[PDB]
Ligand SMILES: [Mg+2]
Ligand SMILES: [Mg+2]
Ligand SMILES: [Mg+2]
Ligand SMILES: [Mg+2]
Ligand SMILES: [Mg+2]
Ligand SMILES: [Mg+2]
Ligand SMILES: [Mg+2]
Ligand SMILES: [Mg+2]
Ligand SMILES: [Mg+2]
Ligand SMILES: [Mg+2]
Ligand SMILES: [Mg+2]
Ligand SMILES: [Mg+2]
Ligand SMILES: [Mg+2]
Ligand SMILES: [Mg+2]
């Protein structure tokens, strides 16, 4: 019984959907189980490596808080009096003995307290980065669509053999639709592996997509990503945050 | 300029530990999650620096306003002196004016 | 001392009008084109040219004007998919008789942008409408 | 590995402990209760009659309105007198 | 189309090890290190400039400053109390109607314009709503029940030519914020307040039939419409016998903010319900 | 580090913990309540809103009590609520 | 659950490729053969999937995921299958590309 997936959103007349194979995780040899169509505006956009770099740097940086702090000359313990008189001593003139010139003196500039390197990229830019990551993953033959993400056994060695037989790559990232709906077999199989990482649909990002050589998507995950990413191409600006009720948005 | 005469122990750093494998996994929690949570809520750190960024004077002002009622005596004194020094330097010193 | 209140649902249909849409509605179909505002929808079949100028999210032509340094005037054609070199050739051929010389153009292939030196926004909008984009 | 459960915003109403001295006052002000009722209504557990002003609040509001909002007839009469004086 | 996708097949894997920003996107920072950027580090020789003790901006070295020798004159005097009205061209209104942002089949309100993103109102910046201008009156071919705060005489004439209804109403800042953003107000959990009357400076504007004021005498509306039609040389449409006469003649009470809703009601959007007060004092206060 | 409880609440926590908690409830609430003393050395204004003479606009206006110093010998007599300004 | 040996992914187009394509087109479409059987579109998703899967099983070579949108007609499929695919790398090619006598290369991995 072939499994066939059609695009659920209006495709522009000037672009045709891109076709992809639908594999299965049950058997080693069964690598052609179905056929799916993917929107060109998600899996076939133009590859923007600059946008990919922007999104990857943003992901690496916005969460960073550097807990580095050094005491200035005003925070070092002593140094409250002139060590010697200004004139007559014949040596250099100094004020506090905690000046940056001195041995145990404070740092001139240094790092000052916890510093937050937090900035937020525009939402359309982030969505375009996700789209470009998916597009390059599909173009470089590093994206594989499976169905229901089910496994026969909970042995991580089974996944290792399957990956090395299918030549997926050293690193595999399996994405499922929902966290609580992931089958226990694949959950236990991937709980004991380092290069095989299993994440929900909401946990997909450019950094992990680039970190892992191979991306594995289920059909519901593909539909979810398609619907979530194609919404920003024909949307108004938010009068108030979208968490608030709208006419056509949850 | 004397440099060490022995090989340092080569750090066996792995790129596939839990933190490196799940780094920033939910960075798109909002975009892919029918907005309820901003990526601000994933930032762990000081209370006065979650989802905010500023220069040293603004950071000191925000820290004093937010957690200044729980600071120690010398810490609060140092913060006040740093605020005063930064105010004077930023509003009275420099080249470009 | 809480005052008594009446719980009703009949009047709640007025609250539906007060909910703004999060998406941009598709333009209504008109019996005559162009519309009184000058808007005109794209042709049903795509042209055979080896490039496509995708419409804006508000269903407008992506031709804009840009100013730099206060005196550098430019025209930007965006959302170009296909042979942007062919689009540049067509634009320069169309604009040569108007200026008496080949217009100065810059092509951003990684982005898909044409940048002409000068304000030709309305002329290029009309040209793209006639060409069917 | 397996990813941690996603961070999800709970939809149930939240009520801070009023006996805690460390809880902020903005979470104990009546506006917080009104907003909780607006967000949830049934699950909030707030009596809907508290949203409207009480007797004393209504009296204060009416006094303020009478003092700082003249009636249309009075305002028109004042305008007429002003135009008459200017003429 | 996207030949870059086919080019990417020959290229190796795209990973974090090969990532480059756009050229010219990040100008490299320069530090006072080296022969060229050292030796006073771009500060100059002695004086106040190298030691960073320059005077303020307006200082001219002891001379009476330019920004202080000019006499004070009222230019921004009372700027924070002047009424502001965002302009809305008839051309822009026609563009919105043609693109479907606003439906002419329903009474057009400030809330509808904000939802359609045709105008942006900032009540904190002393905006008092939307005014109508005549910048596109020649090609305006729509019949709408417009509802603005100020209206130009030519814009009114243009709308009445096609057979619409122009009504100018007043909104105090609180009700204006509520109209602009009703959903945040409904999540605020407060009863709908009454609409404050215009001040004495704006009462003549809103009580005259020439401006189509919402507090004006309805008996003088046909006279003003006929005078307008005679002035601008067009026949006044038979609005009464129109199919959409109910939609054209729908009106808001001068103490009413929304359509259908009444002051004092609480809109519980979670349960999709409306709570109405029943106390005599509350009803008298809200209807007074 | 930072204190869990702000320094302002230290006195209230000390009153809540220990023998201070065994005091009668009416006494505890009588000391907890803080009524504003009647104006003595400053004249209060009536309305909460006033018209600015130079701006001709309505503005909110409030009462700021003037600090009064009560010398120790004021506790041995009845000064009527007034002291040293 | 035994692991089959991993294929070398080395594809050499056989002489009977045209006959195999014709037979598979017959077995998939099941209708009368037109005059130009190489110009039939693969628009039908079921037929395209069945044809591609049968070809992959027959020739031990499947179309890559990126080229599925390119595969539109039997002519395109024939063009795809007429080109060989080599798994050996540049070093492997240089080793077997008849190195001169004075050039010695030894693998150190
Ligand atoms: Mg010191
Ligand atoms: Mg000293
Ligand atoms: Mg000194
Ligand atoms: Mg020491
Ligand atoms: Mg030190
Ligand atoms: Mg610009
Ligand atoms: Mg410099
Ligand atoms: Mg620098
Ligand atoms: Mg130098
Ligand atoms: Mg030197
Ligand atoms: Mg000098
Ligand atoms: Mg010097
Ligand atoms: Mg002088
Ligand atoms: Mg504005």
Given the criteria farther than 19 Å from residue C:58 by Cα, in contact (Cβ under 8 Å) with a residue 60 or more places away in the chain and not in a helix (DSSP H, G or I), does residue E:106 qualify? yes
Within region E:109-118, the residues that are in a helix (DSSP H, G or I), free of Cβ contacts under 8 Å to residues at least 24 places away in the same chain and within 7 Å of another protein chain (Cβ to nearest Cβ) are E:115
When region C:81-102 is checked residue by residue, the ones that are under 15 Å from residue C:132 (Cα atoms) and touching a helix residue (DSSP H, G or I) at 6+ places or on another chain (Cβ under 6 Å) are none
Which residue, of E:53, E:64, is within 48 Å of the chain's Cα centre (by Cα) and within 16 Å of ligand 12 (Cβ to nearest atom)? E:53
Restricting the search to region A:200-224, which residues are in contact with a helix residue (DSSP H, G or I) (Cβ under 7 Å, 6 or more places away or on another chain) and either away from chain D (no Cβ under 14 Å) or over 20 Å from residue B:38 (Cβ atoms) (or both)? A:206, A:209, A:210, A:215, A:221, A:224
In region E:253-281, residues that are out of contact with any helix residue (DSSP H, G or I) (no Cβ under 7 Å at 6 or more places or on another chain) and at the interface with chain C (Cβ under 7 Å from one of its Cβ atoms) total 3
Search result, residues across region A:231-250 that are closer than 24 Å to residue B:24 by Cβ and touching a residue at least 24 places away in the same chain (Cβ under 8 Å): A:232
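Tell me yes or no: at least one residue of region D:54-62 is surrounded by 11 or more Cβ atoms within 10 Å (Cβ to Cβ), away from chain C (no Cβ under 14 Å) and part of a loop (DSSP other than H, G, I, E, B).
Just the residues of region D:54-62 that are surrounded by 11 or more Cβ atoms within 10 Å (Cβ to Cβ), to begin with: D:54-55, D:58-62.
With away from chain C (no Cβ under 14 Å) added as a condition, the list becomes D:60-62.
With the extra rule that they be part of a loop (DSSP other than H, G, I, E, B), the set shrinks to none.
No, the conditions are met nowhere in region D:54-62.
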Which of the residues belonging to region E:7-57 are loosely packed, with under 10 Cβ neighbours inside 10 Å and within 16 Å of ligand 8 (Cβ to nearest atom)? E:26, E:27, E:28, E:29, E:31, E:33, E:34, E:36
Looking at A:155, A:141, A:170, which one is without any contact (Cβ under 8 Å) to a residue 24 or more places away in the chain and under 21 Å from residue G:6 (Cβ atoms)? A:141
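Condition check: away from ligand 6 (no atom under 16 Å from the Cβ) and in contact (Cβ under 8 Å) with a residue 24 or more places away in the chain. Does residue E:75 satisfy that?
For residue E:75, the condition - away from ligand 6 (no atom under 16 Å from the Cβ) and in contact (Cβ under 8 Å) with a residue 24 or more places away in the chain - is not met.
For region E:70-79, does any single residue satisfy the condition of being more than 14 Å from chain C (Cβ to nearest Cβ) and surrounded by 13 or more Cβ atoms within 10 Å (Cβ to Cβ)?
No, region E:70-79 has no match at all.
The rows are residues; the columns are (1) touching a residue at least 40 places away in the same chain (Cβ under 8 Å); (2) closer than 30 Å to residue B:71 by Cα; (3) surrounded by 11 or more Cβ atoms within 10 Å (Cβ to Cβ).
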| residue | (1), (2), (3) |
| --- | --- |
| F:9 | no, yes, yes |
| F:16 | no, yes, yes |
| F:22 | no, no, no |
| F:33 | no, yes, no |
| F:42 | no, no, yes |
| F:61 | no, no, yes |
Here are some residues: A:193, A:151, A:244. Which one is part of a loop (DSSP other than H, G, I, E, B), within 14 Å of chain C (Cβ to nearest Cβ) and over 27 Å from residue A:40 (Cα atoms)? A:244
When every residue in region E:84-102 that is more than 9 Å from chain C (Cβ to nearest Cβ) and either farther than 15 Å from residue E:159 by Cα or in a loop (DSSP other than H, G, I, E, B) (or both) is compared, the one farthest from the chain's Cα centre (by Cα) is E:102
Would you be able to say whether some residue in region B:67-81 is loosely packed, with under 11 Cβ neighbours inside 10 Å and either touching a residue at least 60 places away in the same chain (Cβ under 8 Å) or assigned to a helix (DSSP H, G or I) (or both)? yes
Test residue E:4 against the criterion of being away from ligand 11 (no atom under 16 Å from the Cβ), loosely packed, with under 13 Cβ neighbours inside 10 Å and more than 38 Å from the chain's Cα centre (by Cα), and give yes or no. no
Of all residues in region F:26-82, which are in contact with a strand residue (DSSP E or B) (Cβ under 9 Å, 6 or more places away or on another chain) and farther than 30 Å from residue E:199 by Cα? F:68, F:69, F:70, F:71, F:74
Can you pull out the residues in region E:185-208 that are outside any helix (DSSP H, G or I) and at the interface with another protein chain (Cβ under 7 Å from one of its Cβ atoms)? E:189, E:190, E:191, E:196, E:197, E:200
Failed criterion for residue D:46 (all others in (1) in a helix (DSSP H, G or I); (2) in contact with a helix residue (DSSP H, G or I) (Cβ under 6 Å, 6 or more places away or on another chain); (3) within 14 Å of chain C (Cβ to nearest Cβ); (4) farther than 30 Å from residue B:28 by Cβ hold): (1)
Can you tell me which residue in region G:65-86 is surrounded by the fewest Cβ atoms within 10 Å (Cβ to Cβ), limited to those that are out of contact with any strand residue (DSSP E or B) (no Cβ under 9 Å at 6 or more places or on another chain) and outside any helix (DSSP H, G or I)? G:82
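Is it true that some residue in region E:58-68 is within 14 Å of chain A (Cβ to nearest Cβ), more than 30 Å from residue A:56 (Cα to Cα) and either surrounded by 10 or more Cβ atoms within 10 Å (Cβ to Cβ) or within 16 Å of ligand 7 (Cβ to nearest atom) (or both)?
Quick first cut of region E:58-68, residues within 14 Å of chain A (Cβ to nearest Cβ) only: none.
No, the conditions are met nowhere in region E:58-68.
So basically every Cβ, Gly included, is an ideal-geometry build from the backbone, and we count neighbours across all protein chains shown. Read-outs: derived from the displayed coordinates by stated rules, not from any lab.
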